[PDB]
>>> print(open('data_5.csv').read())   # CSV, C-alpha atoms and all ligand atoms
chain,number,residue,atom,x,y,z
A,457,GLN,CA,0.0,0.0,0.0
A,458,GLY,CA,3.1,2.2,0.6
A,459,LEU,CA,3.6,1.2,-3.1
A,460,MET,CA,2.2,4.7,-4.1
A,461,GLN,CA,5.2,7.0,-3.4
A,462,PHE,CA,5.2,10.8,-4.1
A,463,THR,CA,7.9,12.0,-6.5
A,464,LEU,CA,9.0,15.5,-7.7
A,465,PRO,CA,10.7,16.6,-10.9
A,466,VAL,CA,14.5,16.2,-10.7
A,467,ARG,CA,15.2,20.0,-10.0
A,468,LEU,CA,12.6,20.1,-7.2
A,469,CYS,CA,13.8,16.7,-5.7
A,470,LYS,CA,17.3,18.2,-5.3
A,471,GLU,CA,16.4,21.8,-4.4
A,472,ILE,CA,13.6,21.1,-1.9
A,473,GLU,CA,16.4,19.9,0.5
A,474,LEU,CA,18.1,23.4,0.5
A,475,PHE,CA,16.9,26.0,3.1
A,476,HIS,CA,16.6,28.7,0.4
A,477,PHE,CA,14.2,26.6,-1.9
A,478,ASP,CA,11.2,28.6,-3.4
A,479,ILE,CA,8.1,26.5,-4.0
A,480,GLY,CA,7.4,28.2,-7.3
A,481,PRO,CA,4.3,29.9,-8.8
A,482,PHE,CA,2.2,26.8,-9.7
A,483,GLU,CA,-0.2,26.5,-6.8
A,484,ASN,CA,-1.6,23.1,-8.0
A,485,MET,CA,1.9,21.7,-7.2
A,486,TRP,CA,2.0,23.0,-3.6
A,487,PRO,CA,-0.2,20.1,-2.1
A,488,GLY,CA,2.0,17.5,-3.8
A,489,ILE,CA,5.1,19.3,-2.5
A,490,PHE,CA,3.6,19.3,1.1
A,491,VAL,CA,2.6,15.5,1.0
A,492,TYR,CA,6.2,14.7,-0.3
A,493,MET,CA,7.7,16.7,2.6
A,494,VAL,CA,5.3,14.8,5.1
A,495,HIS,CA,6.2,11.3,3.6
A,496,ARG,CA,10.0,12.0,3.8
A,497,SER,CA,10.2,13.8,7.2
A,498,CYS,CA,7.6,11.6,9.0
A,499,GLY,CA,7.1,8.4,6.8
A,500,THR,CA,4.4,7.2,4.4
A,501,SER,CA,2.7,5.5,7.4
A,502,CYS,CA,2.1,8.8,9.4
A,503,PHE,CA,-1.2,9.7,7.7
A,504,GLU,CA,-3.9,8.1,5.4
A,505,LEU,CA,-3.3,9.9,2.0
A,506,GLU,CA,-7.1,10.4,1.3
A,507,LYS,CA,-7.7,12.2,4.7
A,508,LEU,CA,-4.4,14.3,4.4
A,509,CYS,CA,-5.3,15.4,0.8
A,510,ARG,CA,-8.9,16.3,2.0
A,511,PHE,CA,-7.4,18.2,5.0
A,512,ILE,CA,-4.9,20.1,2.8
A,513,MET,CA,-7.7,21.3,0.4
A,514,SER,CA,-9.8,22.4,3.4
A,515,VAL,CA,-6.8,24.4,4.8
A,516,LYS,CA,-6.1,26.0,1.3
A,517,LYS,CA,-9.8,27.0,1.1
A,518,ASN,CA,-9.7,28.8,4.5
A,519,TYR,CA,-6.6,30.9,3.5
A,520,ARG,CA,-7.7,34.2,1.9
A,521,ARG,CA,-6.6,36.1,-1.3
A,522,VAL,CA,-4.3,38.6,0.6
A,523,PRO,CA,-0.9,39.7,-0.7
A,524,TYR,CA,1.4,38.0,1.9
A,525,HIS,CA,-0.4,36.0,4.6
A,526,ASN,CA,-1.8,33.5,2.1
A,527,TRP,CA,-1.6,29.8,1.0
A,528,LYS,CA,1.9,30.2,-0.6
A,529,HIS,CA,3.1,31.6,2.8
A,530,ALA,CA,1.7,28.5,4.7
A,531,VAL,CA,3.4,26.0,2.3
A,532,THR,CA,6.6,28.2,2.4
A,533,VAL,CA,6.8,28.2,6.2
A,534,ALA,CA,6.0,24.4,6.2
A,535,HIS,CA,9.0,23.9,3.7
A,536,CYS,CA,11.4,25.8,6.1
A,537,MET,CA,10.2,23.5,8.9
A,538,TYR,CA,10.8,20.4,6.6
A,539,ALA,CA,14.4,21.6,6.0
A,540,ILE,CA,15.1,22.1,9.8
A,541,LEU,CA,13.6,18.7,10.6
A,542,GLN,CA,15.5,16.9,7.8
A,543,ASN,CA,18.9,18.4,9.0
A,544,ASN,CA,18.1,17.6,12.7
A,545,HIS,CA,16.4,14.2,12.3
A,546,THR,CA,17.7,12.7,15.7
A,547,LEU,CA,16.3,15.5,17.9
A,548,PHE,CA,12.5,15.3,17.3
A,549,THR,CA,9.8,12.7,18.1
A,550,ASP,CA,7.3,11.1,15.6
A,551,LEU,CA,4.5,13.2,17.2
A,552,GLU,CA,6.6,16.5,16.8
A,553,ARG,CA,7.5,15.8,13.1
A,554,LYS,CA,3.8,15.0,12.4
A,555,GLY,CA,2.5,18.1,14.3
A,556,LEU,CA,5.0,20.7,13.3
A,557,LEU,CA,4.5,20.5,9.5
A,558,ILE,CA,0.7,20.7,10.1
A,559,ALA,CA,1.1,23.6,12.5
A,560,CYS,CA,3.2,25.5,9.8
A,561,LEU,CA,0.5,24.8,7.1
A,562,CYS,CA,-2.3,26.0,9.5
A,563,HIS,CA,-0.4,28.8,11.3
A,564,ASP,CA,-2.1,31.8,9.5
A,565,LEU,CA,-5.5,30.2,8.6
A,566,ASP,CA,-8.2,32.8,7.7
A,567,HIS,CA,-5.7,35.7,7.9
A,568,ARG,CA,-7.4,38.9,6.6
A,569,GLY,CA,-4.0,40.8,6.4
A,570,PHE,CA,-4.4,42.8,9.7
A,571,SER,CA,-2.2,42.8,12.9
A,572,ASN,CA,-3.5,42.0,16.5
A,573,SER,CA,-3.1,45.8,17.0
A,574,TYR,CA,-5.6,46.7,14.3
A,575,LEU,CA,-8.1,44.2,15.6
A,576,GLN,CA,-7.8,45.8,19.1
A,577,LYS,CA,-8.1,49.4,17.8
A,578,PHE,CA,-11.0,48.3,15.4
A,579,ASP,CA,-12.6,46.6,18.4
A,580,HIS,CA,-13.0,43.3,16.3
A,581,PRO,CA,-15.2,40.6,18.1
A,582,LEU,CA,-12.1,38.3,18.0
A,583,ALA,CA,-10.3,40.9,20.3
A,584,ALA,CA,-13.1,40.3,23.0
A,585,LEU,CA,-12.7,36.5,22.7
A,586,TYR,CA,-8.8,36.5,23.0
A,587,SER,CA,-7.1,39.6,24.6
A,588,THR,CA,-3.6,38.4,23.6
A,589,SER,CA,-2.3,36.6,20.5
A,590,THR,CA,-5.8,37.4,19.0
A,591,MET,CA,-5.1,36.2,15.4
A,592,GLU,CA,-2.9,33.2,16.5
A,593,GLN,CA,-5.8,31.9,18.8
A,594,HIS,CA,-8.2,32.3,15.8
A,595,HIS,CA,-5.7,30.4,13.5
A,596,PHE,CA,-5.6,27.5,16.0
A,597,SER,CA,-9.4,27.5,16.5
A,598,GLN,CA,-9.7,27.4,12.7
A,599,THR,CA,-7.2,24.4,12.7
A,600,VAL,CA,-9.4,22.5,15.3
A,601,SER,CA,-12.6,23.2,13.2
A,602,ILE,CA,-11.0,21.7,10.1
A,603,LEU,CA,-9.6,18.7,12.0
A,604,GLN,CA,-13.2,18.1,13.2
A,605,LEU,CA,-14.9,18.1,9.7
A,606,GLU,CA,-16.0,14.6,8.6
A,607,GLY,CA,-13.2,12.5,7.0
A,608,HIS,CA,-10.6,15.1,8.1
A,609,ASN,CA,-9.1,13.6,11.3
A,610,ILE,CA,-5.6,13.0,10.0
A,611,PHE,CA,-4.7,11.9,13.6
A,612,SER,CA,-7.4,9.2,13.7
A,613,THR,CA,-4.8,6.4,14.4
A,614,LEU,CA,-3.4,8.2,17.5
A,615,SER,CA,-4.7,7.3,21.0
A,616,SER,CA,-6.8,9.9,22.9
A,617,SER,CA,-3.7,11.0,24.9
A,618,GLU,CA,-1.3,11.1,21.8
A,619,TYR,CA,-4.0,13.1,19.9
A,620,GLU,CA,-4.2,15.6,22.8
A,621,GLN,CA,-0.3,15.9,22.9
A,622,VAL,CA,0.0,16.6,19.2
A,623,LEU,CA,-2.9,19.2,19.3
A,624,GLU,CA,-0.9,20.8,22.2
A,625,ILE,CA,2.3,20.8,20.0
A,626,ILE,CA,0.2,22.5,17.3
A,627,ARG,CA,-1.5,25.0,19.6
A,628,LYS,CA,1.9,26.2,21.1
A,629,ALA,CA,3.6,26.3,17.7
A,630,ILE,CA,0.8,28.5,16.2
A,631,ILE,CA,0.7,30.8,19.3
A,632,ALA,CA,4.6,31.1,19.1
A,633,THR,CA,4.2,32.8,15.6
A,634,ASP,CA,2.8,35.9,17.4
A,635,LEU,CA,6.0,38.0,16.9
A,636,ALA,CA,5.2,40.0,20.2
A,637,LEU,CA,5.9,36.7,22.1
A,638,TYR,CA,9.2,36.0,20.2
A,639,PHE,CA,11.3,38.7,22.0
A,640,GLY,CA,10.8,37.2,25.5
A,641,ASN,CA,11.2,33.6,24.2
A,642,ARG,CA,14.5,34.3,22.3
A,643,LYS,CA,16.0,36.2,25.3
A,644,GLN,CA,15.1,33.3,27.7
A,645,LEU,CA,16.6,30.7,25.2
A,646,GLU,CA,19.8,32.9,24.8
A,647,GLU,CA,20.2,33.1,28.6
A,648,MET,CA,19.7,29.3,28.9
A,649,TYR,CA,22.2,28.6,26.1
A,650,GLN,CA,25.0,30.9,27.5
A,651,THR,CA,24.5,29.7,31.1
A,652,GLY,CA,24.5,26.1,29.7
A,653,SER,CA,21.1,25.3,31.5
A,654,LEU,CA,19.2,24.5,28.2
A,655,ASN,CA,17.9,20.9,28.3
A,656,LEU,CA,16.0,19.4,25.3
A,657,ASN,CA,14.7,16.6,27.6
A,658,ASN,CA,12.8,19.4,29.5
A,659,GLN,CA,9.3,19.8,27.9
A,660,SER,CA,9.1,23.6,28.8
A,661,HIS,CA,12.6,24.0,27.0
A,662,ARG,CA,11.4,22.0,24.0
A,663,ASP,CA,8.4,24.3,23.9
A,664,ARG,CA,10.7,27.4,23.7
A,665,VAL,CA,13.0,25.8,21.1
A,666,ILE,CA,10.0,24.8,18.8
A,667,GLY,CA,8.6,28.4,19.3
A,668,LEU,CA,11.9,29.8,18.0
A,669,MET,CA,11.8,27.3,15.0
A,670,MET,CA,8.3,28.6,14.3
A,671,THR,CA,9.5,32.3,14.3
A,672,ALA,CA,12.5,31.3,12.0
A,673,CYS,CA,10.1,29.4,9.6
A,674,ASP,CA,7.5,32.3,9.7
A,675,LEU,CA,10.3,34.9,8.8
A,676,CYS,CA,12.0,32.6,6.3
A,677,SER,CA,11.5,34.9,3.3
A,678,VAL,CA,14.6,36.9,4.7
A,679,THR,CA,16.6,33.6,4.1
A,680,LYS,CA,15.7,33.2,0.4
A,681,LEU,CA,18.0,34.2,-2.6
A,682,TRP,CA,17.9,38.0,-2.9
A,683,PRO,CA,15.4,38.2,-5.8
A,684,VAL,CA,12.9,36.1,-3.9
A,685,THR,CA,13.5,38.1,-0.6
A,686,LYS,CA,13.1,41.5,-2.5
A,687,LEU,CA,9.9,40.5,-4.4
A,688,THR,CA,8.4,39.0,-1.2
A,689,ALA,CA,9.1,42.4,0.6
A,690,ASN,CA,6.6,44.1,-1.9
A,691,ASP,CA,3.8,41.6,-0.7
A,692,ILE,CA,4.5,42.2,3.0
A,693,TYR,CA,4.3,46.0,2.6
A,694,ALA,CA,1.1,45.8,0.4
A,695,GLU,CA,-0.5,44.3,3.6
A,696,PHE,CA,1.3,46.7,6.0
A,697,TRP,CA,0.2,49.8,4.0
A,698,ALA,CA,-3.5,48.6,3.6
A,699,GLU,CA,-3.5,48.2,7.5
A,700,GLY,CA,-2.0,51.8,7.8
A,701,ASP,CA,-4.8,53.0,5.5
A,702,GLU,CA,-7.3,51.3,7.8
A,703,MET,CA,-5.6,52.9,10.9
A,704,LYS,CA,-5.9,56.4,9.3
A,705,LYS,CA,-9.7,55.8,8.6
A,706,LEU,CA,-10.1,55.2,12.4
A,707,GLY,CA,-8.3,58.6,13.0
A,708,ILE,CA,-5.2,56.8,14.4
A,709,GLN,CA,-1.7,57.6,13.1
A,710,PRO,CA,-0.2,54.2,12.0
A,711,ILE,CA,3.3,53.2,13.2
A,712,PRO,CA,5.9,54.1,10.5
A,713,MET,CA,6.2,50.6,8.9
A,714,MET,CA,2.4,50.6,8.0
A,715,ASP,CA,2.4,54.2,6.5
A,716,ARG,CA,2.6,54.1,2.6
A,717,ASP,CA,3.9,57.7,2.7
A,718,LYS,CA,7.2,56.3,4.3
A,719,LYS,CA,7.7,54.1,1.1
A,720,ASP,CA,11.2,55.6,0.4
A,721,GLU,CA,12.4,54.5,4.0
A,722,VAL,CA,11.6,50.7,3.2
A,723,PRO,CA,15.4,49.9,2.8
A,724,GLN,CA,16.1,51.5,6.3
A,725,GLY,CA,13.0,49.7,7.7
A,726,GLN,CA,14.3,46.3,6.5
A,727,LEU,CA,17.8,47.1,7.9
A,728,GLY,CA,16.0,47.9,11.2
A,729,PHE,CA,14.1,44.6,11.1
A,730,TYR,CA,17.1,42.4,10.2
A,731,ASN,CA,19.2,43.8,13.2
A,732,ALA,CA,16.4,44.0,15.8
A,733,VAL,CA,14.6,40.7,14.9
A,734,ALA,CA,15.9,38.4,12.1
A,735,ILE,CA,19.7,38.2,12.8
A,736,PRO,CA,19.2,37.6,16.6
A,737,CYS,CA,16.5,34.9,15.6
A,738,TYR,CA,18.8,32.9,13.2
A,739,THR,CA,21.8,33.4,15.5
A,740,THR,CA,20.1,31.9,18.6
A,741,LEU,CA,18.6,29.1,16.4
A,742,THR,CA,22.0,28.2,14.8
A,743,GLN,CA,23.6,28.2,18.4
A,744,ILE,CA,20.9,25.6,19.5
A,745,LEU,CA,20.6,23.8,16.1
A,746,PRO,CA,24.0,24.2,14.3
A,747,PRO,CA,22.8,22.5,11.0
A,748,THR,CA,20.3,25.5,10.6
A,749,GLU,CA,23.4,27.6,9.7
A,750,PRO,CA,22.3,28.3,6.1
A,751,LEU,CA,19.3,30.3,7.4
A,752,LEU,CA,21.6,32.7,9.3
A,753,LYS,CA,24.2,32.9,6.4
A,754,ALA,CA,21.4,33.7,3.8
A,755,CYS,CA,19.9,36.3,6.3
A,756,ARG,CA,23.3,37.9,6.6
A,757,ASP,CA,23.6,37.9,2.7
A,758,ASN,CA,20.2,39.7,2.4
A,759,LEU,CA,21.1,42.2,5.2
A,760,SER,CA,24.2,43.1,3.1
A,761,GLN,CA,21.8,43.5,0.0
A,762,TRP,CA,19.6,46.0,2.0
A,763,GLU,CA,22.7,48.0,3.0
A,764,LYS,CA,23.7,47.9,-0.7
A,765,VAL,CA,20.3,49.4,-1.6
A,766,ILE,CA,20.5,52.1,1.2
A,767,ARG,CA,23.9,53.3,-0.4
A,768,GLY,CA,22.5,53.6,-4.0
A,769,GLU,CA,24.6,50.6,-5.4
A,770,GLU,CA,21.2,48.6,-6.0
A,771,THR,CA,17.6,49.9,-6.9
A,772,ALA,CA,14.2,49.1,-5.2
A,801,LIG,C1,7.5,43.3,11.2
A,801,LIG,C2,8.2,42.7,9.9
A,801,LIG,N1,8.0,41.5,9.7
A,801,LIG,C3,8.6,40.9,8.6
A,801,LIG,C4,8.4,39.5,8.3
A,801,LIG,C5,9.0,39.0,7.2
A,801,LIG,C6,9.8,39.7,6.4
A,801,LIG,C7,10.0,41.1,6.6
A,801,LIG,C8,9.4,41.7,7.7
A,801,LIG,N2,9.6,43.0,8.0
A,801,LIG,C9,9.0,43.5,9.0
A,801,LIG,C10,9.3,45.0,9.1
A,801,LIG,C11,9.2,45.9,8.0
A,801,LIG,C12,9.5,47.1,8.6
A,801,LIG,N3,9.6,48.4,8.0
A,801,LIG,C13,9.9,49.4,8.8
A,801,LIG,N4,9.9,50.6,8.2
A,801,LIG,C14,9.7,50.8,6.8
A,801,LIG,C15,9.9,52.2,6.6
A,801,LIG,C16,9.9,52.9,7.9
A,801,LIG,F1,8.6,53.4,8.1
A,801,LIG,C17,10.3,51.8,8.9
A,801,LIG,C18,10.1,49.2,10.2
A,801,LIG,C19,10.0,47.9,10.8
A,801,LIG,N5,10.4,47.8,12.1
A,801,LIG,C20,10.1,46.7,13.0
A,801,LIG,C21,11.2,46.4,14.0
A,801,LIG,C22,10.7,45.4,15.0
A,801,LIG,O1,9.6,45.8,15.7
A,801,LIG,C23,8.4,46.1,14.9
A,801,LIG,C24,8.8,47.0,13.7
A,801,LIG,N6,9.7,46.9,9.9
A,801,LIG,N7,9.6,45.6,10.3
A,802,MG,MG,0.6,34.9,11.9
A,803,ZN,ZN,3.0,33.5,9.1
>>> encode(input="data_5.csv", output="structure tokens", more="lines below")
Ligand SMILES: Cc1nc2ccccc2nc1-c1cc2nc(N3CC[C@@H](F)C3)cc(NC3CCOCC3)n2n1
Ligand SMILES: [Mg+2]
Ligand SMILES: [Zn+2]
Amino acid sequence: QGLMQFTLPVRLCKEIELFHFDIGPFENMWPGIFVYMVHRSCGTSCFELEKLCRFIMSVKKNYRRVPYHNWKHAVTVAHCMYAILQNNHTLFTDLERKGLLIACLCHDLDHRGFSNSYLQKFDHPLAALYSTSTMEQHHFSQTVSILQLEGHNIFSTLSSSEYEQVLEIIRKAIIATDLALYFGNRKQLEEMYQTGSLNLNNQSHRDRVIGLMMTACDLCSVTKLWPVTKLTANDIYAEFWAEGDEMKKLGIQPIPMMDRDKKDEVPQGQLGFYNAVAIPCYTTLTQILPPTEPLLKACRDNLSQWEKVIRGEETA
């Protein structure tokens, strides 16, 4: 029955193993790419193919047509997680491999392209339901809904308690994509690394490490080849500037990164974001998971490209 194996064209088969892989513009290939990544990083026995495929198409349908936080982002974040898991295969359990690829696919479900801040200022009903990590708690609740549709329980062969464990892996992974939580989590991990107290057999330490892997996967567009990184930056700002428009309509001055009038400062903004967020992220992750080195190196390469843009040597 494991006689039906998923295969990719030669170029994709080789390049999908590299951290900087780009899943391409053919969206009808992204489910196949995802299944392939599950079969190889988990095993062909991890899920029944018919439920997985039905689950994947329900997740796709509950992603929206927004510039950045869309289906392509979900698969892209999932692929970064595949590359981390394939280069660190000894360190993770069967449940974690299983749960972390799904958490990445589902992590921005039903994203409308607005920050937790905008939901709070707009007084969106979701803000009353969840006061912190508003969108992330909605993404997880959307994941549970889909898992609960008929013929969608991809975890049907797990015991009650294993099912509960993997849903807890998934819940914490999706919550950890709230960038507001990342600053505390990374400082804690850094302290624990440099004191030498960090212990991957400690469940609350695993939680923190997985959280950091989630942030690294979520930001992974800063770890692509420069043309990908630069084009993706247009999609991110298209959402930021629409949100800033929406802030102005509420009579609220938007923070600078969401103001389309500060367009010419995008190169300085990116430089800001690389030094304050991205570099520290991939540094701490490489310290803990040495084989994730190419993420840091490609980030450093793109930081150097943004500096190049600031000094007029490149155009954007
Ligand atoms: C938040 C994000 N998330 C990304 C995720 C993936 C890829 C790029 C991503 N870039 C950004 C990003 C983009 C950006 N542009 C800025 N500008 C532009 C022109 C001037 F107004 C300033 C300023 C910032 N400061 C950050 C620093 C960390 O605290 C929050 C704000 N950021 N941050
Ligand atoms: Mg998110
Ligand atoms: Zn995301």
>>> closest_atom_pairs(input="data_5.csv", of="chain A", to="ligand ZN 803 (chain A)", cutoff="7 Å", atoms="all atoms listed in the file", output="JSON lines")
{"residue": "A:525", "atom": "CA", "partner": "A:ZN803", "partner_atom": "ZN", "distance": 6.2}
{"residue": "A:529", "atom": "CA", "partner": "A:ZN803", "partner_atom": "ZN", "distance": 6.6}
{"residue": "A:530", "atom": "CA", "partner": "A:ZN803", "partner_atom": "ZN", "distance": 6.8}
{"residue": "A:563", "atom": "CA", "partner": "A:ZN803", "partner_atom": "ZN", "distance": 6.2}
{"residue": "A:564", "atom": "CA", "partner": "A:ZN803", "partner_atom": "ZN", "distance": 5.4}
{"residue": "A:633", "atom": "CA", "partner": "A:ZN803", "partner_atom": "ZN", "distance": 6.6}
{"residue": "A:674", "atom": "CA", "partner": "A:ZN803", "partner_atom": "ZN", "distance": 4.7}
>>> residues_around(input="data_5.csv", residues="region 459-473 of chain A", least_positions_apart="3", cutoff="7 Å", atoms="only C-alpha atoms", output="MDAnalysis selection string")
chainID A and resid 477 492 539
>>> closest_residue(input="data_5.csv", among="A:666, A:540, A:751, A:689", to="residue 723 (chain A)", atoms="all atoms listed in the file")
A:689
>>> atom_distance(input="data_5.csv", atom1="CA of residue 625 (chain A)", atom2="CA of residue 541 (chain A)")
14.8 Å
>>> atom_distance(input="data_5.csv", atom1="CA of residue 532 (chain A)", atom2="CA of residue 487 (chain A)")
11.5 Å
>>> closest_residue(input="data_5.csv", among="A:770, A:749, A:717, A:763", to="ligand LIG 801 (chain A)", atoms="only C-alpha atoms and all ligand atoms")
A:717
>>> residues_near_ligand(input="data_5.csv", ligand="ligand LIG 801 (chain A)", cutoff="7 Å", atoms="only C-alpha atoms and all ligand atoms", output="ChimeraX atom specification")
/A:675,677-678,689,692,712-715,718-719,721-722,724-726,728-729,732-733
>>> residues_near_point(input="data_5.csv", point="(19.5, 42.8, 4.0)", cutoff="10 Å", atoms="only C-alpha atoms", output="PyMOL selection string")
chain A and resi 678-679+682+685-686+723-724+726-731+734-735+754-766
>>> atom_distance(input="data_5.csv", atom1="CA of residue 475 (chain A)", atom2="CA of residue 536 (chain A)")
6.3 Å
>>> closest_residue(input="data_5.csv", among="A:622, A:584, A:635, A:534", to="ligand MG 802 (chain A)", atoms="all atoms listed in the file")
A:635
>>> residues_around(input="data_5.csv", residues="residue 590 (chain A)", least_positions_apart="4", cutoff="10 Å", atoms="all atoms listed in the file", output="PyMOL selection string")
chain A and resi 571-573+575-576+580-586+594-595+631+634
>>> closest_residue(input="data_5.csv", among="A:669, A:505, A:600, A:654", to="residue 739 (chain A)", atoms="only C-alpha atoms")
A:669
>>> closest_residue(input="data_5.csv", among="A:501, A:544, A:671, A:644", to="ligand MG 802 (chain A)", atoms="all atoms listed in the file")
A:671
>>> build_atoms(input="data_5.csv", residues="region 650-665 of chain A", atoms="N, CA, C and O atoms", output="PDB file, in the frame of the given file")
ATOM      1  N   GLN A 650      23.710  30.267  27.030  1.00  0.00           N
ATOM      2  CA  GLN A 650      25.000  30.900  27.500  1.00  0.00           C
ATOM      3  C   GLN A 650      25.253  30.611  28.967  1.00  0.00           C
ATOM      4  O   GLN A 650      26.421  30.793  29.374  1.00  0.00           O
ATOM      5  N   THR A 651      24.245  30.211  29.759  1.00  0.00           N
ATOM      6  CA  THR A 651      24.500  29.700  31.100  1.00  0.00           C
ATOM      7  C   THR A 651      24.769  28.169  31.024  1.00  0.00           C
ATOM      8  O   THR A 651      25.403  27.638  31.952  1.00  0.00           O
ATOM      9  N   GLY A 652      24.335  27.518  29.941  1.00  0.00           N
ATOM     10  CA  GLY A 652      24.500  26.100  29.700  1.00  0.00           C
ATOM     11  C   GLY A 652      23.368  25.283  30.481  1.00  0.00           C
ATOM     12  O   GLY A 652      23.561  24.061  30.665  1.00  0.00           O
ATOM     13  N   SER A 653      22.249  25.923  30.854  1.00  0.00           N
ATOM     14  CA  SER A 653      21.100  25.300  31.500  1.00  0.00           C
ATOM     15  C   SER A 653      20.126  24.614  30.519  1.00  0.00           C
ATOM     16  O   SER A 653      19.307  23.772  30.950  1.00  0.00           O
ATOM     17  N   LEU A 654      20.195  24.977  29.233  1.00  0.00           N
ATOM     18  CA  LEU A 654      19.200  24.500  28.200  1.00  0.00           C
ATOM     19  C   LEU A 654      19.232  22.988  28.170  1.00  0.00           C
ATOM     20  O   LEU A 654      20.326  22.401  28.083  1.00  0.00           O
ATOM     21  N   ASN A 655      18.054  22.370  28.170  1.00  0.00           N
ATOM     22  CA  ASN A 655      17.900  20.900  28.300  1.00  0.00           C
ATOM     23  C   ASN A 655      16.737  20.425  27.422  1.00  0.00           C
ATOM     24  O   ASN A 655      15.586  20.530  27.874  1.00  0.00           O
ATOM     25  N   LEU A 656      17.031  19.828  26.272  1.00  0.00           N
ATOM     26  CA  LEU A 656      16.000  19.400  25.300  1.00  0.00           C
ATOM     27  C   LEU A 656      15.206  18.191  25.788  1.00  0.00           C
ATOM     28  O   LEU A 656      14.253  17.806  25.068  1.00  0.00           O
ATOM     29  N   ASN A 657      15.527  17.624  26.959  1.00  0.00           N
ATOM     30  CA  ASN A 657      14.700  16.600  27.600  1.00  0.00           C
ATOM     31  C   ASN A 657      13.642  17.269  28.504  1.00  0.00           C
ATOM     32  O   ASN A 657      12.705  16.584  28.948  1.00  0.00           O
ATOM     33  N   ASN A 658      13.779  18.574  28.751  1.00  0.00           N
ATOM     34  CA  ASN A 658      12.800  19.400  29.500  1.00  0.00           C
ATOM     35  C   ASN A 658      11.693  19.918  28.610  1.00  0.00           C
ATOM     36  O   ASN A 658      12.009  20.771  27.738  1.00  0.00           O
ATOM     37  N   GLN A 659      10.438  19.490  28.822  1.00  0.00           N
ATOM     38  CA  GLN A 659       9.300  19.800  27.900  1.00  0.00           C
ATOM     39  C   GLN A 659       9.120  21.330  27.794  1.00  0.00           C
ATOM     40  O   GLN A 659       8.876  21.749  26.648  1.00  0.00           O
ATOM     41  N   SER A 660       9.228  22.128  28.864  1.00  0.00           N
ATOM     42  CA  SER A 660       9.100  23.600  28.800  1.00  0.00           C
ATOM     43  C   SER A 660      10.272  24.211  27.959  1.00  0.00           C
ATOM     44  O   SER A 660      10.118  25.336  27.467  1.00  0.00           O
ATOM     45  N   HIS A 661      11.402  23.511  27.843  1.00  0.00           N
ATOM     46  CA  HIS A 661      12.600  24.000  27.000  1.00  0.00           C
ATOM     47  C   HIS A 661      12.347  23.601  25.572  1.00  0.00           C
ATOM     48  O   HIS A 661      12.658  24.427  24.716  1.00  0.00           O
ATOM     49  N   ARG A 662      11.861  22.390  25.309  1.00  0.00           N
ATOM     50  CA  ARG A 662      11.400  22.000  24.000  1.00  0.00           C
ATOM     51  C   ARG A 662      10.442  23.009  23.427  1.00  0.00           C
ATOM     52  O   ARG A 662      10.619  23.450  22.287  1.00  0.00           O
ATOM     53  N   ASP A 663       9.457  23.369  24.239  1.00  0.00           N
ATOM     54  CA  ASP A 663       8.400  24.300  23.900  1.00  0.00           C
ATOM     55  C   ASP A 663       9.011  25.583  23.314  1.00  0.00           C
ATOM     56  O   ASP A 663       8.655  25.992  22.200  1.00  0.00           O
ATOM     57  N   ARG A 664       9.962  26.136  24.061  1.00  0.00           N
ATOM     58  CA  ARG A 664      10.700  27.400  23.700  1.00  0.00           C
ATOM     59  C   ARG A 664      11.458  27.194  22.413  1.00  0.00           C
ATOM     60  O   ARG A 664      11.445  28.121  21.587  1.00  0.00           O
ATOM     61  N   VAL A 665      12.136  26.057  22.254  1.00  0.00           N
ATOM     62  CA  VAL A 665      13.000  25.800  21.100  1.00  0.00           C
ATOM     63  C   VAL A 665      12.070  25.722  19.825  1.00  0.00           C
ATOM     64  O   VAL A 665      12.390  26.353  18.806  1.00  0.00           O
TER      65      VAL A 665
END
